[PDB]
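Residue numbers (PDB author numbering), protein chains in the order written: chain E, 4 to 51; chain G, 3 to 51.
Beta carbons are placed, not taken as given, at the ideal position from N, Cα and C, and that holds for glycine.
Structure first, commentary second.
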């Protein structure tokens, strides 16, 4: 059991990163540039 | 269609309901009003005639 190296080590301590990567976009410009109106479901309508 | 002054062809009318629901029904409970309250714990007892 000589040739002591990481392959032979035991009880090691990891070196992970304390964060997570995310690249999924979150722009959504349409929903932000429209505007919401109100309650009162389709009982009303545009009628133009 | 502006052909004639009628209501059948009106676009975008108003439903014009009445704001009330007169669905009255009888509810008196005279017996239950002239009995009282004798709250109990269990449901197997008696009254020892």
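- One thing to note: residue 14 of chain G has its Cβ within 8 Å of the Cβ of residue 50 of chain E.
- A direct Cα-to-Cα measurement between residue 38 of chain G and residue 31 of chain G gives close to 12 Å.
- Our two residues, residue 23 of chain E and residue 8 of chain E, have alpha carbons roughly 30 Å apart in a direct line.
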